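Presented below, as structure tokens, is a lone chain in the form solved without adenosine-5'-diphosphate (ADP).
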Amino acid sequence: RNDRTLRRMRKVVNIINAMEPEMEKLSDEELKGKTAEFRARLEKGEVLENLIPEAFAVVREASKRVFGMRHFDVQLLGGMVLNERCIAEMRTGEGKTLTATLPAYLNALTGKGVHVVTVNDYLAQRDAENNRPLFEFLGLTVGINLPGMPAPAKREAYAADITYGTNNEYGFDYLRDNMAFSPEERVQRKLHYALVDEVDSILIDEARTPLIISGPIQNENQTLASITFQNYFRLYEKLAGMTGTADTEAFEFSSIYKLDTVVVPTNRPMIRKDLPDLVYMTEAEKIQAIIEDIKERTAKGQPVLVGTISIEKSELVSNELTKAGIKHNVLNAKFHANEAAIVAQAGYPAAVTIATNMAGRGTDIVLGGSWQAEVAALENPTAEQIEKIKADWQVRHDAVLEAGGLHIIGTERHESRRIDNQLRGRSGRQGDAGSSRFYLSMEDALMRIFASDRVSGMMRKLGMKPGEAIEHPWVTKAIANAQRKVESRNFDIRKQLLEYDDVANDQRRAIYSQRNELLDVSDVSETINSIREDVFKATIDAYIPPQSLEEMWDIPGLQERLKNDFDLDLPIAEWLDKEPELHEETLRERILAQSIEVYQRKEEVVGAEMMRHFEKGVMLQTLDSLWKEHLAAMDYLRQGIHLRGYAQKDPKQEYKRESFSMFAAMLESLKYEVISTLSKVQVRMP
């Protein structure tokens, strides 16, 4: 794995670097033309991966010219990771959005499309509009998909070389496409490449979330179509994504998706100092130590950001900082404008900011303050007002760097380390000096994830002693270990649930493959003919046990069932009693033959083409109704998973059997109902 495929990638980066001179010499129009050239080579059978060096050099030069921005080498590496079935972990500040332009371009060349998957519609629109000038420079088109967009505009978006949209809207389009009655109605093309912008939410937290299209004595209403996010993304030929050195869930990615994760090295060395966790007997002693840390550091001019787990915890450290005479600001979620004013100068010398359940990624904190806010505040910004301001700011920035950068204090750990990782990640971005320290007490909720009141209370025998602490780095490890076992416990449970999910996934995958085979064809004849014989054979068998005497036959039952279910009223009793020659095999053939002549007759009235399309129609409609019905029954079967499979024998397993049985039965019903409808369809006969 590893730096084993990373050192192979570094070799390609040195080829890209070595090519910059060639690219710098090309005209704007020659750069555009590289796209057609790459496509001409692919046409001739070139392997996409062979184009990475030249293609990435093109994209980097186009970005130089268009954006004023040149991918760094580690940006090239990330782009290479994202071409593979991988998660590329790239630290916050590393420029993920720019990095992503690379495998987007690369994977657009074969003419099959690219789906960049964003967390919300604002980002989809933004990233598409921002990148559109880059990709147009290189002779590519950019599409945007939004909820509510009419189907023709959706088709256009999906017909672009690169599409932007949310996870939700891609998934719903897929479902709606598998409710279409003609292939022209579809909006998406074949699912080629999904590049997922933040995989933690999109791929992990939402993995099992169902997308559902719902629809109609009451009427009441019900599921017509369903798929989970996981099973949606599993449909792509190529799948990849990005997240920050966050992750903690590499094993999940692989288990849920067969996505490998790759640590992309930072552009600059990471130098933030993550100091050992500190543990106190009580909250009160914990708070005093936090206050004492703040005090020492603000006196050196170092700014501090404190993350807490609640408003009540935020109030408490505030009030205690005030008692101690230390100025600060609390980020109050009620006051968004105050909050952005505070965050802007959070990197200012000796600044102290308290934040509550600090979200994830966050607004960049500029060391020394943002000078940019300073001019945005000017009534009439000159250019030389804006120089005294940078010069003053430089001194501040460099002084804060000197004092150790941003210090992060976690006043509690969260049960998930990924959240702790996000808080800490707000310091030390882009090579910046920084530090972090997390605080625990024995009356912290988290001192519970060691499932034992004796265990944890031994820490009290280390005594702690009010300001006379030591640091025991084994504690840091011990806590990270406890947090990894919680994640693991939780995932073993999720995994069992996904193994139930895999039954419905396989069923849907089967039914949808069948539906689409039907949708893609103009003429469903061979199938019709073919299931008619199955249906008639099955139907006759119910009344004529195969290879049985005539005395076992229920001909009145067979006569009625043909009338009732097939509109087919045959003098079978009179047939038998007239020719002693008959026999089962020839009877079976007469009936089949008559159903046919009667059907061919209806066709002669309406016309072949009308008939063919009615047949297709009927197949699709009957498939859909039995599938909605199956989805509901699968639901009930699954919630009933507390009384059918028990003593020794596995549930999962009995459920798999019942499921298989019910899906088999559904496919046999499907055949029956189609032929029943087609046999019964009333045509006014001349």
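Start at 1 with the first residue shown and count on from there.
Quick note: we don't show the form deposited with adenosine-5'-diphosphate (ADP) bound, though the next part is all about it.
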Examine residue 361 and determine whether its closest non-hydrogen atom to adenosine-5'-diphosphate (ADP) in the deposited bound form is within 4.5 angstroms. yes
In the deposited bound form, residue 420 touching adenosine-5'-diphosphate (ADP) (heavy atom, 4.5 Å): no
Given that the partner is absent here, does residue 91 sit within 4.5 Å of adenosine-5'-diphosphate (ADP) in the deposited bound form, heavy atoms only? yes
Would residue 97 show up as a contact with adenosine-5'-diphosphate (ADP) in the deposited bound form if we use heavy atoms at 4.5 Å? yes
Considering non-hydrogen atoms and a 4.5 Å limit, which listed residue (308, 145, 101, 75) is close to adenosine-5'-diphosphate (ADP) in the deposited bound form? 75
Listed residue that, although adenosine-5'-diphosphate (ADP) is not shown, lies within 4.5 Å of it in the deposited bound form (heavy atoms), from 69, 632, 48, 641: 69
